[PDB]
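Taking it in order: structure first as structure tokens, then the write-up.
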Amino acid sequence: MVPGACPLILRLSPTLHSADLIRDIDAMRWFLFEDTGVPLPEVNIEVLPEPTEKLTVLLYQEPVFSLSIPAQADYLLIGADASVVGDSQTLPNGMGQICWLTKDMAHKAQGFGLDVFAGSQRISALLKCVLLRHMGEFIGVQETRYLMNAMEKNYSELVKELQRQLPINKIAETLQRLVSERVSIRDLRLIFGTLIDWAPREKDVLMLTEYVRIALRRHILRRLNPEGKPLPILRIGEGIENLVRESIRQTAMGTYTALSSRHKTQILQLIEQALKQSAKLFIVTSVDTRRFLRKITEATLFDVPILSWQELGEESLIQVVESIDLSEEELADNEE
Amino acid sequence: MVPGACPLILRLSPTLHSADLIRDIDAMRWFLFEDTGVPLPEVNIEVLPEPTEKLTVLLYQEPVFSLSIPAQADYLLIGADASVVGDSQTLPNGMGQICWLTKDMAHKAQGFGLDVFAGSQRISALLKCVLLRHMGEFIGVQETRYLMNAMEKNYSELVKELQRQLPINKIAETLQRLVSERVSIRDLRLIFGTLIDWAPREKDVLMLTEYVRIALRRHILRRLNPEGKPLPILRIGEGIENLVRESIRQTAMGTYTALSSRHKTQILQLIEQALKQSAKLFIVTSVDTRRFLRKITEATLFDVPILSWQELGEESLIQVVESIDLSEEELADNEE
Amino acid sequence: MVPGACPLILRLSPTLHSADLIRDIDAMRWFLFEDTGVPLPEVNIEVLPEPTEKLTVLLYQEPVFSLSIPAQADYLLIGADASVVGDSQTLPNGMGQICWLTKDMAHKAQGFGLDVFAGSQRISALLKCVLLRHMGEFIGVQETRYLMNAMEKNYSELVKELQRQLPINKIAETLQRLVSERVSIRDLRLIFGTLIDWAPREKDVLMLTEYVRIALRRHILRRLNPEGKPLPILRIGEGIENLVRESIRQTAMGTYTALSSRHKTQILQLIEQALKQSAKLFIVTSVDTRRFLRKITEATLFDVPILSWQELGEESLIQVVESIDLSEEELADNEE
Amino acid sequence: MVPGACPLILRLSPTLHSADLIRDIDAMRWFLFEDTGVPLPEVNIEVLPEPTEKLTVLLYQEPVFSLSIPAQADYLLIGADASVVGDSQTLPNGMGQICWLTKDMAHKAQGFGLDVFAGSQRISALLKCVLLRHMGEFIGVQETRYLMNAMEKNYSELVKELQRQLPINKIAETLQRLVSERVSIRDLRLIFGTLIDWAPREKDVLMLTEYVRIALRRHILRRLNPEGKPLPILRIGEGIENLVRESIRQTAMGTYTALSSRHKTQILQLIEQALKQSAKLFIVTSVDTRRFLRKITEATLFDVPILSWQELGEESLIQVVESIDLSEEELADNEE
Amino acid sequence: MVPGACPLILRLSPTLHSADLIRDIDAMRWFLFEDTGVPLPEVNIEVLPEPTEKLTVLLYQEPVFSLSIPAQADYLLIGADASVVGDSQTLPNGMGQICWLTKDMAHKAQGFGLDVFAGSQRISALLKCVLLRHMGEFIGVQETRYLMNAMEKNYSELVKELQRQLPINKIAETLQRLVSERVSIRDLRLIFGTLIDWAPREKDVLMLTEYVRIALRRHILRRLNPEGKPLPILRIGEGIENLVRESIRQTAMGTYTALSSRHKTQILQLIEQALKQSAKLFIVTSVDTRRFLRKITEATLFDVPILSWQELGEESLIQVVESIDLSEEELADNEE
Amino acid sequence: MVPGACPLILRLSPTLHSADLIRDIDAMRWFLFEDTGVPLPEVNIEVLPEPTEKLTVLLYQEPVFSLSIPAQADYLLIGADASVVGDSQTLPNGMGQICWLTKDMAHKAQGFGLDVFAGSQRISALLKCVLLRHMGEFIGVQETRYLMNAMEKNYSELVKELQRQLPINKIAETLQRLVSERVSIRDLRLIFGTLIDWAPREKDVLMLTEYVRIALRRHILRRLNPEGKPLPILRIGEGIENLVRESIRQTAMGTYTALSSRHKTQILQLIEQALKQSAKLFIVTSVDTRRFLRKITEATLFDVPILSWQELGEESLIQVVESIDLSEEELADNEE
């Protein structure tokens, strides 16, 4: 009877099991650590006797993924596009779309310039997708302590100064709030430097996270679009900025937002209305209204990146696509 | 899985690789340490398989430099001038201009009295340029602790007194603010002496940095122009000095500037307007308005040196070239 | 990569190097320590390949002296006078004048009753001049700690009491302020005794330095003129004394002066006007106005000694040469 | 790279794996520990992708068992008899015979009064057979130390006295020599008591093992035949006893046997000749000739128990079946 | 200047380098450790600028392998056979034969049932061959101490007892003598158990190695031929056994052989004469004459396995192919 | 007054001095350490005022090299050959020949396929020659302790075992005897392993050195001729081998040779007679007579390598050039 759930378990029917699965999963874990900076725990391979070809992914013994992989498809392609269509289905929890492709069509799709997985890879490129959705769950107080112990080797004084500044729960909260936005915490030297700079002058951990995000703006704007080409930007007009800026209520532990449910519902409804025009859009708002806006759109629109103006330096051109704007709702619509 | 990004990585196609590259890079690193006083971390040479002749420079695993060196050019000359023209291109991030010269023309340019690099040197004189742009990133709390440990050998009491005066984060902030202006921190005895003098009488780390810059004025005015010949100086008129002096707002952690965005935009626009007349200009303003002016021109005009009046002693003649002046903008233009 | 600049470096071209240079430099260093009490660091002899006969003196790797010694002169005489003229030039940074003399004329000048250097000495009598200009740079917190450790051998209780009175940064500030005026700190017993006496009753380190200077008045008035003969004295009239006495503004760290730039400029202009009548003049003012006057004339007139009335006891006759006097400038000239 | 082979690995193809395999293997391990007293190491279940239904058992990563279980058989019965025949094959390394029985015939065989395994049990009753053949390999110096540490809880003085008597390598040798004969070492109190009694009076570890076997005679004669019914006994005549008794050669480490290869070959040939008359026979010889006889018949006839006369007390009746006897061979046959 | 040569260096020319080389080499190292039990040191990849496609393998900075891989071949097959012929050459130091195969012929050879390497693998399957020739050089006193420290985790008492028995140089000698015969030391529990058993009763480290080889006979006869099929055996007749048995001369450190050079030369000449009839032959001799025979055939015939009679149990059938026999040479030929 | 001479001093006239001399000497020192394994002490550059272009090399302040480099030669080539002739002279102490070549002829010689030095290199390629003659003087007890301390990092148990075997003076004697024969001690792992193997079984440090030389035979026969081509070998006939083998006289500290001076004189005279036929010859004798022969030819013929038969394995073909043979001298010539 060992307290504490088993972190990451992958249950497979013995048909799906293989001999190179261990090294493929390890390579995927190393790629995920190099990309997002969170050191994932070992994946425990377990055998699930089932006549149907089915796999499950269990996080802390609560099953978060359950998919039954049809026998007809032997080639896997994550996501959908116009060039490739056929035998596609929706992943649960809004993880996206997957396509099972026949051999020749999959070879054509790979020639088209995309990634296509075959064999044990079809498991990794599935499992990895799940791990990219519940990522913020693998960074707590204990994982933060492990990261700080790892950094104590070459950076002893940096870690000692940081501990002298902030208690470990606040550092873990900052790292978790950074991970849950697809911001890599791979560069821990810069993160600890920014926390050391702004720890005496700030106590709201949300604002410390904002400062760390600003200090990491080059990385964010590199990861969002690897090429230098301009990608679409959806501005937020002054109406919404003033609406969310006026409702800021502060207590001894920091500032939060206090809006009517009607305001949030209308803002999300119109943002989803403005998001169906193009596949990818970066919502851009002011610095003082960015985080609050995020925490009214994180529950539903988790995979849309909410950037800020200061995070886009003068060296990035905008190319506005749409300009969302509103007036209030409870007092008078005036826009809606 | 080792936390903490790898500091400095140079990825090369195997054609560009060589046998004397290690010692050439080490010589460049030693020159950079003798010049700017920042001890750089070891450059990790990695091989990048690519049909095109390409190299990348990665700082903390975020690629900051990526250049594809054409096969036709075998002679490299950093910068541009009227005497030499041909096969020149712009370095990214505004690092400057480079010229690829044929053998005979490069020999003529070397005879002209300039530096021309051939072989592994063409890598160093590229890499070094990058390292001269992101220099302020190699000096943090940990590197400051390493410098203080190095100085504990001959200067034990100086370092002990300095630690008794200031905490290590403030010393690291001072050294970083000095490095990010192309002021060498090679002379650590004088820097620690000035911090020991002015630490009890000052708490704004920006002002401590100003005092350290003033105590280093001979070095600054030697490095800006190695010869004693007078170089052009662009004065700042009393209008801008009074504009930025009136907007000084102080909090418990020190004083900052608070100007309208229109004021900053017009000041930078006219400074760039006044900078195209001659290649090099030293902007000179008052002591109380120098640092603030710098922090409204650091984002765009990083490579222009913002000197002060006290940094130019009575032994340096001025030779004013232009006298910039303004009145306000929001209240009334009156100059603009 | 060793932090901390190399203190004192002498770079010489092939021909000027010699075999007795080491012992000549060591003898000069010992003479400078016996004269001014500051223990100088070892001079590092380095070879500078140059077709022209040139030497450089580098303090903390920032070149402070650079002279190209013509081949025609083989006899060196520091300073100028009416009896000897020919092949003379101005040393940089206003260190003085030098004369290169032919063998017979140099023998005649030596017979005249002056010092003439030949061989390796021509280097020392040059280097020493430089070391007599930047002397105050070889006395900091660390050198003060070395002096106190040296004095802990015979004077243990004196040093212990002094440490109990003043922190090491204030002692180093006092010693530096004494060295930067050509006042020897060779007599450390008396200096520590005066600091022990006046430390409880005073907190302005400038005033502690004034008291130490007064307690050393016999040494000062011996070193200024080794013979008992009366040398010229330039009094400061009551107008300037009252002008600088009225502007004394005190803060928690001590008192400073606050004068208009016009006042300082006119005072220095007239002092230089009054200094061209005779080669050497001792400016004499009151005790309460002495140090402040010094800190308005140190930047330009570094080599003129600013004595005080209490430093000249009743046993030294004055022989006034000129009596400078003024009224204010901004309110009304009335003298200027 | 972890030194030391993985102790016990069971590799199974997709279809043979199950969900209750873990608890079935654990129950088999507990039964084996309760029966033979050797604490087995954890069985590591690994998946072996193979179209054919195959399993392998690996001891220290050297595969000792490899069996391909035909799809037609779903009911397993270990061993063979006249009542049940059909679909039977020989296990490798002479482990015995197995029968794959159809459902109805297996139910009839179970009704007959035998054990029949179905499902995951068909793996255990296979694996267990292997573990009953290489048992003596799971008891070394380290496992002996683990047993003694377990006994230090209730029997601290017994273990302390035993350690004071014999070094751990001799205790491990005794336990190994007892395990490799199908004598349980479950009763460690009695074994340690007998080693404590006879350790001062004996140094030949083989003779200590003989004394421990004699002190355990009740257990041996209970385990060989659980019921009190008389089972067949094959006596060894005085000729063989005198032949092996005369050849006893002793060195400082104890006594061994030295026989001609012809003698051993003829003895084994006739014993196998006398063993085909009945399925089970207990070979019984004198005390002084028992162990030596065992070590000339252990290589080939491993599973036949070589009892002694003193191990069969006066309360066990004999019922001799055959009386083997010989004269020598090299000198003269006289019997063979 | 770091004493101690760099263990394993692989130098490759520009084009042979790749991106998956690191993981391919690591997989080869892990396979070599799982096979032969010797933990190899990290392979250092270095770039060797060379117009010709060449690689070198350096053991302790003494180049042991140097091969220039022709551009025409892109498919590699280690060894030679009748089914595949074309573009084959001899590896240096008698490592074997290699074949460079065109794509279609290599696919046909892979279909034939052999291993064919392409890409970075062509390096590994080369490097690995070298590592299988100088294997006995990666096991010394220090590597033995590392193995014993690794075994101290689960087997603490086994290692402690072994250290109490034998000093570390003798254990390292035993492990080295086992590795230099292609006997895996992966099973360290059994090796340490056999050394603990036979350490008190033996002092000749060669005989301890013989006992450890006998205790590992199942592993040896499994690795020599993975299948149970009978492979050819070349017996050694009684003449050679008696010749080498008579010449055994013992000193305080153990027994060695003392034969005339003519005897050794004739024995090797006839063994090579008897080895050209079939590709693989296992030379089998008596126990008392096995090791000595090995140490007269190790210098020339390194890759032929010299088994013994006791290492082949009664369960392995022989299938003699030839029966070598001789009389002496110096006294009288009588056979040669 | 510091006891202990200054190890390595290079005195140069200031014309020969340069700016890159420090790094050129450091590169030469690193090459010498990589080649011969002896860590050389820092070269102290001193200036020697001399009208003539002269340099001296001082080992422990006893001048071992003194050369006056003529002004006419500006290109240096070490050694002589038929292809290049002109302005050549003999180095002192039989270090060899040097050639000063004019620019065009030196370029032709470099094109011929040799090494030609210009500038500061002309000093290194001189100094290095000296360091290759008195090499055995830079390895004593203290340098051996430094090497063992360096090896204590990765090889702690190897060094500890070696210290337990041999005292440091014997290890230093072995390393010195290996260095004074141009055998590299770069591979310290193998040397310490061989000393650990043969330390219990041998006490004559000369024989331990012989065993270490035999274990290093591959390195010796690689360094003597880098290519695999056969180089000439001068055998020593059985007469000399029997002469020096009969005179072996042993005392408690080992065996030495005791020959008549006539025997040694005749052997050296004829060896020099046999050495003028070809430039390079490897003298090859038996194992039991090798070292003794070396210690009768080390005083005069220092640079000729005295190999052995066991050092040339069966894989190196001989190509005898001459076969020297003698009978005794004092009893009767019979050959001489």
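Per-chain numbering from 1; labels A, B, C, D, E and F assigned in written order.
Basically, a contact is a pair of C-beta atoms (placed from the backbone, for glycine too) under 8 Å apart; a residue touches a chain by one contact, two chains touch by 3 or more.
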Chains in simultaneous contact with subunit A and subunit F: none
Chain labels contacting subunit A and also subunit E: B, D
Selected from C-F, A-D or A-B, interface repeating D-E by over half of its contact pairs: A-B
Comparison of A-B and C-F (more C-beta pairs in contact): A-B
Subunit B and subunit C, separation of their C-alpha mean positions in angstrom: 36
Mean-CA-position distance for subunit D and subunit C (Å): 102
Whole-Å gap between the CA centroids of subunit D and subunit F: 67
Rounded Å distance, subunit B centre to subunit E centre (Cα mean): 60
Touching pairs - complete list by chain label: A-B, A-D, B-C, B-E, C-F, D-E, E-F
Subunit C-touching residues of subunit F, taken from the complex the two chains share: 14-15, 17-19, 47, 49
Footprint of subunit A on subunit B - complex, ascending: 1-5, 60-63, 93, 140-142, 145, 168-169, 173, 253, 299-300
Subunit A residues touching subunit B - in the complex, by the definition given at the top: 30, 33-34, 37, 39, 147, 150-151, 154-158, 161, 165, 186-190, 192-193, 196-197, 200-201, 218-219, 222, 313-315
